[PDB]
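Chemist: This is model.tsv (TSV, C-alpha atoms and all ligand atoms).
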```tsv
chain	number	residue	atom	x	y	z
R	2	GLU	CA	0.00	0.00	0.00
R	3	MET	CA	1.27	3.46	0.91
R	4	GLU	CA	3.04	1.76	3.80
R	5	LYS	CA	5.43	0.23	1.28
R	6	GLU	CA	6.39	3.74	0.18
R	7	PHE	CA	6.62	4.73	3.85
R	8	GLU	CA	9.49	2.37	4.68
R	9	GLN	CA	11.16	3.32	1.39
R	10	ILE	CA	11.21	7.01	2.35
R	11	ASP	CA	12.00	6.23	5.99
R	12	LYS	CA	14.84	3.77	5.39
R	13	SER	CA	16.43	6.22	2.97
R	14	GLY	CA	15.61	9.14	5.26
R	15	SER	CA	14.30	11.27	2.41
R	16	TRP	CA	11.21	12.91	3.93
R	17	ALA	CA	12.66	16.42	3.90
R	18	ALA	CA	13.33	15.97	0.20
R	19	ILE	CA	9.92	14.51	-0.63
R	20	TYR	CA	8.22	17.29	1.33
R	21	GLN	CA	10.10	20.06	-0.46
R	22	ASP	CA	9.28	18.18	-3.65
R	23	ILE	CA	5.61	18.89	-2.95
R	24	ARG	CA	6.19	22.55	-2.14
R	25	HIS	CA	7.73	23.04	-5.59
R	26	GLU	CA	4.89	21.33	-7.43
R	27	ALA	CA	2.16	22.94	-5.30
R	28	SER	CA	-0.35	25.32	-6.87
R	29	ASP	CA	-0.03	29.09	-6.72
R	30	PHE	CA	-2.95	31.43	-7.35
R	31	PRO	CA	-3.65	35.13	-6.64
R	32	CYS	CA	-4.70	36.43	-3.22
R	33	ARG	CA	-5.48	40.00	-4.24
R	34	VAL	CA	-8.53	40.48	-2.04
R	35	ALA	CA	-6.54	39.26	0.96
R	36	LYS	CA	-3.76	41.74	0.13
R	37	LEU	CA	-5.97	44.83	-0.11
R	38	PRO	CA	-4.90	47.42	2.51
R	39	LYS	CA	-8.55	47.50	3.55
R	40	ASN	CA	-8.07	43.94	4.90
R	41	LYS	CA	-4.70	44.31	6.64
R	42	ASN	CA	-6.19	43.91	10.13
R	43	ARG	CA	-8.19	40.85	9.08
R	44	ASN	CA	-5.11	38.69	8.53
R	45	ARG	CA	-3.08	37.03	11.29
R	46	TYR	CA	-0.07	36.24	9.13
R	47	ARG	CA	0.97	38.22	6.04
R	48	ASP	CA	2.40	34.99	4.63
R	49	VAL	CA	-0.84	33.01	5.04
R	50	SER	CA	-3.61	34.15	2.71
R	51	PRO	CA	-6.66	32.60	1.02
R	52	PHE	CA	-6.61	32.35	-2.77
R	53	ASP	CA	-9.32	34.39	-4.48
R	54	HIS	CA	-11.01	31.55	-6.35
R	55	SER	CA	-11.55	29.49	-3.21
R	56	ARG	CA	-12.02	32.11	-0.50
R	57	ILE	CA	-15.16	32.15	1.65
R	58	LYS	CA	-17.09	35.37	1.11
R	59	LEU	CA	-19.00	36.88	4.05
R	60	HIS	CA	-22.57	37.76	3.06
R	61	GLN	CA	-22.43	41.49	3.76
R	62	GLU	CA	-22.30	44.51	1.45
R	63	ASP	CA	-19.62	46.06	3.67
R	64	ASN	CA	-16.42	44.02	3.50
R	65	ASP	CA	-16.92	40.39	2.48
R	66	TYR	CA	-13.41	39.31	3.45
R	67	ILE	CA	-12.27	36.67	5.92
R	68	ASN	CA	-9.10	34.64	5.86
R	69	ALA	CA	-10.77	31.29	5.06
R	70	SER	CA	-10.72	28.83	2.14
R	71	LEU	CA	-13.26	26.28	0.94
R	72	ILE	CA	-11.44	23.07	0.13
R	73	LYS	CA	-13.70	20.91	-2.00
R	74	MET	CA	-12.65	17.33	-2.65
R	75	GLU	CA	-14.72	16.13	-5.62
R	76	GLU	CA	-14.08	12.39	-5.48
R	77	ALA	CA	-14.20	12.15	-1.69
R	78	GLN	CA	-17.51	14.04	-1.68
R	79	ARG	CA	-16.29	16.08	1.27
R	80	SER	CA	-15.57	19.75	1.83
R	81	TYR	CA	-13.75	21.63	4.57
R	82	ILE	CA	-13.30	25.31	5.31
R	83	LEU	CA	-9.77	25.94	6.58
R	84	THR	CA	-9.36	29.25	8.37
R	85	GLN	CA	-6.96	31.13	10.70
R	86	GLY	CA	-7.62	31.27	14.43
R	87	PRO	CA	-10.00	34.25	14.83
R	88	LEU	CA	-8.46	37.62	15.66
R	89	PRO	CA	-9.76	40.06	18.33
R	90	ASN	CA	-11.81	41.86	15.67
R	91	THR	CA	-12.80	38.97	13.37
R	92	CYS	CA	-14.67	36.81	15.88
R	93	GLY	CA	-17.91	38.30	14.60
R	94	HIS	CA	-16.88	37.50	11.02
R	95	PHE	CA	-15.93	33.97	12.08
R	96	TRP	CA	-19.34	33.11	13.49
R	97	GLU	CA	-21.05	34.85	10.56
R	98	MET	CA	-19.20	32.47	8.25
R	99	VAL	CA	-20.26	29.48	10.32
R	100	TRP	CA	-23.85	30.63	10.17
R	101	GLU	CA	-23.85	31.57	6.50
R	102	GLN	CA	-22.09	28.35	5.49
R	103	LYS	CA	-24.47	26.17	7.53
R	104	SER	CA	-21.57	24.50	9.38
R	105	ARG	CA	-22.34	22.08	12.20
R	106	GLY	CA	-18.85	21.67	13.60
R	107	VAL	CA	-15.76	23.71	14.33
R	108	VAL	CA	-12.47	21.86	14.74
R	109	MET	CA	-9.78	23.70	16.67
R	110	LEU	CA	-6.34	22.08	16.68
R	111	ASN	CA	-4.46	24.61	18.80
R	112	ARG	CA	-4.61	26.12	22.28
R	113	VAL	CA	-5.38	29.82	22.78
R	114	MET	CA	-1.83	30.22	24.07
R	115	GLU	CA	1.15	28.24	22.81
R	116	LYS	CA	4.86	28.66	23.44
R	117	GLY	CA	3.91	31.45	25.82
R	118	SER	CA	2.13	33.48	23.15
R	119	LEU	CA	-1.44	34.18	21.96
R	120	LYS	CA	-2.32	32.15	18.86
R	121	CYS	CA	-6.04	32.88	18.69
R	122	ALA	CA	-8.78	34.92	20.36
R	123	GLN	CA	-11.16	33.45	22.94
R	124	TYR	CA	-13.93	33.28	20.36
R	125	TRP	CA	-16.35	31.07	22.29
R	126	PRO	CA	-17.94	31.46	25.77
R	127	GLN	CA	-16.15	29.58	28.54
R	128	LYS	CA	-19.06	29.68	30.98
R	129	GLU	CA	-22.77	28.99	30.50
R	130	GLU	CA	-23.82	32.10	32.41
R	131	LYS	CA	-21.55	34.26	30.21
R	132	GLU	CA	-22.91	34.18	26.66
R	133	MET	CA	-21.11	36.24	24.01
R	134	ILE	CA	-22.73	38.68	21.64
R	135	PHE	CA	-21.02	39.83	18.46
R	136	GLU	CA	-22.56	43.23	17.78
R	137	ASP	CA	-20.98	43.73	14.36
R	138	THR	CA	-22.56	40.59	12.83
R	139	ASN	CA	-25.61	40.51	15.13
R	140	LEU	CA	-25.07	37.01	16.53
R	141	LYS	CA	-25.39	35.49	20.00
R	142	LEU	CA	-23.24	32.57	21.14
R	143	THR	CA	-23.90	30.41	24.23
R	144	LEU	CA	-21.98	27.58	25.88
R	145	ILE	CA	-24.49	24.73	26.33
R	146	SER	CA	-22.29	21.91	27.61
R	147	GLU	CA	-18.70	20.78	27.74
R	148	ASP	CA	-16.90	17.45	27.97
R	149	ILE	CA	-13.21	17.62	28.90
R	150	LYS	CA	-11.13	14.56	28.03
R	151	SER	CA	-7.43	13.71	28.29
R	152	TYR	CA	-6.25	15.23	25.00
R	153	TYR	CA	-9.37	16.96	23.67
R	154	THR	CA	-12.59	18.73	24.67
R	155	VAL	CA	-16.01	18.72	23.00
R	156	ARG	CA	-18.29	21.69	23.46
R	157	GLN	CA	-21.91	21.95	22.47
R	158	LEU	CA	-22.66	25.58	21.58
R	159	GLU	CA	-25.76	27.45	20.47
R	160	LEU	CA	-25.45	30.07	17.75
R	161	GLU	CA	-28.37	32.43	17.24
R	162	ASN	CA	-28.99	34.84	14.40
R	163	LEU	CA	-30.24	37.86	16.34
R	164	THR	CA	-31.71	39.14	13.10
R	165	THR	CA	-34.13	36.24	12.74
R	166	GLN	CA	-33.86	34.79	16.24
R	167	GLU	CA	-33.01	31.53	14.48
R	168	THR	CA	-30.84	29.09	16.45
R	169	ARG	CA	-28.48	26.24	15.68
R	170	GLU	CA	-26.36	23.79	17.59
R	171	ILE	CA	-22.65	23.93	16.82
R	172	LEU	CA	-20.26	21.23	18.01
R	173	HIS	CA	-16.81	22.47	19.01
R	174	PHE	CA	-14.05	19.85	18.88
R	175	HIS	CA	-10.94	21.09	20.65
R	176	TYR	CA	-7.78	19.03	20.27
R	177	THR	CA	-5.76	20.43	23.17
R	178	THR	CA	-2.56	18.36	23.09
R	179	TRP	CA	-0.99	19.01	19.69
R	180	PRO	CA	2.44	20.65	20.09
R	181	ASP	CA	2.85	23.72	17.84
R	182	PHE	CA	4.46	22.86	14.46
R	183	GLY	CA	4.91	19.32	15.74
R	184	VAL	CA	3.01	16.04	15.62
R	185	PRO	CA	1.85	13.68	18.38
R	186	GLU	CA	4.04	10.70	19.35
R	187	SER	CA	1.21	8.33	18.41
R	188	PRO	CA	-1.39	9.02	15.71
R	189	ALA	CA	-3.85	6.94	17.72
R	190	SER	CA	-5.08	9.90	19.79
R	191	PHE	CA	-5.28	12.02	16.65
R	192	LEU	CA	-7.26	9.37	14.82
R	193	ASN	CA	-9.46	8.88	17.87
R	194	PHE	CA	-10.16	12.61	17.74
R	195	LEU	CA	-10.97	12.44	14.02
R	196	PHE	CA	-13.50	9.67	14.50
R	197	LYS	CA	-15.17	11.61	17.32
R	198	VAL	CA	-15.65	14.44	14.81
R	199	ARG	CA	-16.98	11.99	12.21
R	200	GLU	CA	-19.42	10.38	14.63
R	201	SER	CA	-21.01	13.73	15.49
R	202	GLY	CA	-22.28	14.16	11.94
R	203	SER	CA	-20.36	17.41	11.45
R	204	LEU	CA	-18.47	16.09	8.40
R	205	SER	CA	-21.59	14.75	6.71
R	206	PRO	CA	-23.25	15.96	3.44
R	207	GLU	CA	-26.49	17.11	5.08
R	208	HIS	CA	-24.47	19.88	6.73
R	209	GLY	CA	-22.39	22.80	5.52
R	210	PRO	CA	-18.56	22.36	5.46
R	211	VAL	CA	-16.87	21.74	8.80
R	212	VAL	CA	-14.73	24.68	9.91
R	213	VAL	CA	-11.13	23.66	10.67
R	214	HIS	CA	-8.43	25.89	12.17
R	215	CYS	CA	-5.22	26.10	14.16
R	216	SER	CA	-3.31	29.35	14.37
R	217	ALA	CA	-2.72	29.83	10.61
R	218	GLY	CA	-5.13	27.10	9.51
R	219	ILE	CA	-2.65	25.29	7.27
R	220	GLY	CA	-0.29	23.02	9.22
R	221	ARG	CA	-2.28	21.07	11.77
R	222	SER	CA	-5.52	21.85	9.94
R	223	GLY	CA	-3.90	20.49	6.79
R	224	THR	CA	-2.92	17.28	8.52
R	225	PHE	CA	-6.48	16.80	9.79
R	226	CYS	CA	-8.17	17.19	6.40
R	227	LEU	CA	-5.53	15.26	4.46
R	228	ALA	CA	-5.96	12.22	6.73
R	229	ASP	CA	-9.73	12.42	6.70
R	230	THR	CA	-9.96	12.61	2.92
R	231	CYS	CA	-7.42	9.86	2.35
R	232	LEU	CA	-9.25	7.44	4.66
R	233	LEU	CA	-12.58	8.32	3.09
R	234	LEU	CA	-11.15	7.48	-0.33
R	235	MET	CA	-9.78	4.04	0.57
R	236	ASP	CA	-13.21	3.50	2.11
R	237	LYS	CA	-15.02	4.31	-1.14
R	238	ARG	CA	-12.69	2.87	-3.80
R	239	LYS	CA	-12.49	-0.68	-5.13
R	240	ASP	CA	-8.75	-0.45	-4.46
R	241	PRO	CA	-7.69	0.90	-1.01
R	242	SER	CA	-4.08	0.93	-2.21
R	243	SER	CA	-4.81	3.28	-5.10
R	244	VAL	CA	-4.94	6.22	-2.69
R	245	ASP	CA	-1.94	8.47	-3.30
R	246	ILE	CA	-1.55	10.74	-0.30
R	247	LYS	CA	0.88	13.04	-2.15
R	248	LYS	CA	-1.72	13.34	-4.92
R	249	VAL	CA	-4.42	14.11	-2.38
R	250	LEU	CA	-2.33	16.81	-0.69
R	251	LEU	CA	-1.50	18.57	-3.95
R	252	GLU	CA	-5.14	18.41	-4.96
R	253	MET	CA	-5.88	20.16	-1.63
R	254	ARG	CA	-3.19	22.80	-2.07
R	255	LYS	CA	-5.05	23.99	-5.18
R	256	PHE	CA	-7.57	25.44	-2.69
R	257	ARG	CA	-5.32	26.81	0.07
R	258	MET	CA	-1.57	27.35	0.39
R	259	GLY	CA	0.83	25.74	2.84
R	260	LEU	CA	-1.26	22.73	3.83
R	261	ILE	CA	1.21	20.60	5.83
R	262	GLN	CA	3.94	22.87	7.22
R	263	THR	CA	6.83	20.47	7.84
R	264	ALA	CA	8.16	17.23	6.40
R	265	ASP	CA	7.39	15.83	9.83
R	266	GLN	CA	3.67	16.60	9.53
R	267	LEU	CA	3.81	14.89	6.15
R	268	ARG	CA	5.32	11.80	7.73
R	269	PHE	CA	2.69	11.96	10.46
R	270	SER	CA	-0.09	12.20	7.87
R	271	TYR	CA	1.25	8.99	6.33
R	272	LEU	CA	1.21	7.33	9.74
R	273	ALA	CA	-2.27	8.53	10.66
R	274	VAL	CA	-3.64	7.26	7.34
R	275	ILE	CA	-1.82	3.92	7.37
R	276	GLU	CA	-2.93	3.22	10.94
R	277	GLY	CA	-6.46	4.45	10.40
R	278	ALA	CA	-6.58	2.06	7.47
R	279	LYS	CA	-6.34	-0.90	9.86
R	280	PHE	CA	-9.86	0.01	11.00
R	281	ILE	CA	-11.33	0.82	7.58
R	282	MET	CA	-10.85	-2.84	6.58
R	283	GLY	CA	-12.76	-4.70	9.29
Q	301	LIG	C1	6.36	25.38	4.38
Q	301	LIG	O1	5.75	26.43	3.60
Q	301	LIG	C2	4.78	26.09	2.74
Q	301	LIG	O2	4.40	24.95	2.58
Q	301	LIG	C3	4.18	27.21	1.96
Q	301	LIG	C4	4.20	27.14	0.52
Q	301	LIG	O3	4.77	26.07	-0.15
Q	301	LIG	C5	3.64	28.17	-0.26
Q	301	LIG	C6	3.04	29.30	0.35
Q	301	LIG	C7	3.01	29.39	1.76
Q	301	LIG	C8	3.57	28.36	2.59
Q	301	LIG	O4	3.55	28.43	4.00
Q	301	LIG	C9	3.83	29.70	4.59
Q	301	LIG	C10	4.12	29.51	6.08
Q	301	LIG	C11	5.58	29.85	6.43
Q	301	LIG	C12	5.91	29.69	7.92
Q	301	LIG	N1	5.63	30.95	8.60
Q	301	LIG	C13	5.37	31.00	9.94
Q	301	LIG	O5	5.97	30.36	10.79
Q	301	LIG	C14	4.21	31.96	10.28
Q	301	LIG	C15	2.84	31.40	9.78
Q	301	LIG	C16	2.47	30.06	10.41
Q	301	LIG	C17	2.60	28.85	9.67
Q	301	LIG	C18	2.27	27.61	10.25
Q	301	LIG	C19	1.81	27.55	11.60
Q	301	LIG	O6	1.48	26.37	12.27
Q	301	LIG	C20	0.76	25.42	11.51
Q	301	LIG	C21	0.66	24.17	12.33
Q	301	LIG	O7	1.53	23.38	12.49
Q	301	LIG	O8	-0.56	24.06	12.89
Q	301	LIG	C22	1.68	28.76	12.34
Q	301	LIG	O9	1.23	28.72	13.65
Q	301	LIG	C23	2.01	30.00	11.75
Q	301	LIG	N2	4.50	33.26	9.65
Q	301	LIG	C24	5.20	34.23	10.27
Q	301	LIG	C25	6.21	34.92	9.35
Q	301	LIG	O10	5.07	34.57	11.45
```
Could you rewrite the structure in this file as structure tokens?
Modeler:
Amino acid sequence: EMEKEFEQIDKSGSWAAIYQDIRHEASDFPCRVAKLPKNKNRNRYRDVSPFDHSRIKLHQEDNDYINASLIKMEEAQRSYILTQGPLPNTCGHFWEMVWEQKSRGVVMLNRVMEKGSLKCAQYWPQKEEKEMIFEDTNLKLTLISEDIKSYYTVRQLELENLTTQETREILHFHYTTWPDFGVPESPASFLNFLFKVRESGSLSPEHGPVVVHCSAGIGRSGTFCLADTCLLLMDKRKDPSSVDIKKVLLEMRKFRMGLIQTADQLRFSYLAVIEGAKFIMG
């Protein structure tokens, strides 16, 4: 399978090379809207922008920009919205996107503070009695319940459109033990987290695209979506060994830049997929 290739790359210690090999072949499209001066304060990293063709547009006549990309995998029949961790002034935009895109789940793969620094705003209420209201996009957010586990937390939230008093349940999956720029020692916990997301229905067709993010929404977020899509493919195809992870990644990079930030994450993606495969086949 892809495991065969794994050893090959591992025994010859050529990951770094194979990873750079993908960076060179990766797609490159314009990000003009993201670069407008008008949107300077809406971007966390100047080097991490959404392409124009695949960017998510907010549904407002004001400024429709938000650093977020719709990754649409045709064959896998799955779509994901990869975005940056919300900034102090984009939290309203963030929840507007979730509402407008009909998303059921939000997957956060980073902690608010990492390496002693702020990597994202506290964009969701931490206490039931303290609901948040985003005045700029006229939305109300409320913590309904919370389940704290060893390496991840699942929060049930309620998002309400104050314009129409319409309400929806949003599931928040918080992977809290993923070292920044690194990868877990064992993919098991990662995979276990992925399946929890799958079991909630948030990745299903009857719902809008799941919202995935870390700090930049490319490294850890990339690893999450690459593994999910790969497993889904082996699951659907008549040949579970026909799934080319490198092909899947590149196909994803057509929609957002920098997916998979280090050769290590690439190696981890291979592991996560290979291991997750053991389940996909009985
Ligand atoms: C490796 O670079 C690429 O693949 C790449 C490319 O090929 C083409 C265009 C852009 C690319 O990627 C561009 C990213 C370059 C790396 N730059 C940085 O460290 C940060 C942004 C960043 C990136 C990944 C992160 O974690 C992700 C995680 O692990 O969860 C993160 O927290 C923050 N920028 C600055 C200057 O503060």
Chemist: I'd like to know which of R:182, R:26, R:8, R:71 is closest to residue 83 of chain R, using only C-alpha atoms.
Modeler: R:71
Chemist: Quick one: residues within 12 Å of residue 255 of chain R, only C-alpha atoms, excluding same-chain residues fewer than 5 positions away - as an MDAnalysis selection string?
Modeler: chainID R and resid 24 26:31 51:56 70:74 248:250 260
Chemist: Please compute the atom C1 of ligand LIG 301 (chain Q)-atom CA of residue 213 of chain R distance, one decimal, in Å.
Modeler: 18.7 Å
Chemist: Please extract the residues at most 9 Å from ligand LIG 301 (chain Q), counting all atoms listed in the file, and provide them as number ranges by chain, using the chain letters and residue numbers of this document.
Modeler: R: 20-21, 23-29, 45-50, 110-111, 120, 179-184, 214-224, 254, 257-264, 266
Chemist: Set the distance at 12 Å and use all atoms listed in the file: which residues neighbour residue 148 of chain R once local chain neighbours fewer than 5 positions away are removed? I'd like the list as a VMD selection string.
Modeler: chain R and resid 153 to 158 172 to 175
Chemist: With all atoms listed in the file as the basis for distance, which of R:247, R:39, R:208, R:150 is at the shortest distance from residue 267 of chain R?
Modeler: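 Selected residue with least distance to residue 267 of chain R: R:247.
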Chemist: In terms of the shortest atom-to-atom distance over only C-alpha atoms, which of R:14, R:65, R:97, R:269 is closest to residue 186 of chain R?
Modeler: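 Closest candidate: R:269.
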Chemist: Residues proximal to (-25.0, 24.3, 19.6) were defined as those with any atom within 10 Å of that point in the file's coordinates, counting only C-alpha atoms. Which are they, as a ChimeraX atom specification?
Modeler: /R:105-106,142-146,156-161,168-173
Chemist: Tell me, as a PyMOL selection string, which residues lie within 10 Å of residue 187 of chain R, counting all atoms listed in the file; anything in the same chain fewer than 4 positions away does not count.
Modeler: chain R and resi 191-192+269+272-273+276
Chemist: Calculated over all atoms listed in the file, which of the candidates R:42, R:80, R:162, R:127 has the smallest distance to residue 101 of chain R?
Modeler: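 Of the candidates, the smallest distance to residue 101 of chain R is held by R:162.
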Chemist: Restricting the calculation to all atoms listed in the file: of R:151, R:102, R:44, R:13, which residue gets closest to residue 193 of chain R?
Modeler: R:151
Chemist: Could you check which of R:76, R:6, R:99, R:88 is closest to residue 58 of chain R, using only C-alpha atoms?
Modeler: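 Smallest separation from residue 58 of chain R among the options: R:99.
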Chemist: Do you know which residues are at most 12 Å from residue 5 of chain R counting all atoms listed in the file, after dropping those on the same chain fewer than 2 positions away, and could you put them as a list in words?
Modeler: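 That gives residues 2, 3, 7, 8, 9, 10, 11, 12, 242, 245, 271, 272 and 275 of chain R.
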Chemist: Work out how far atom CA of residue 280 of chain R is from atom CA of residue 239 of chain R, in Å to one decimal.
Modeler: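 According to the coordinates, atom CA of residue 239 of chain R and atom CA of residue 280 of chain R are separated by 16.4 Å.
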Chemist: Do you have the atom CA of residue 226 of chain R-atom CA of residue 112 of chain R distance handy?
Modeler: 18.6 Å
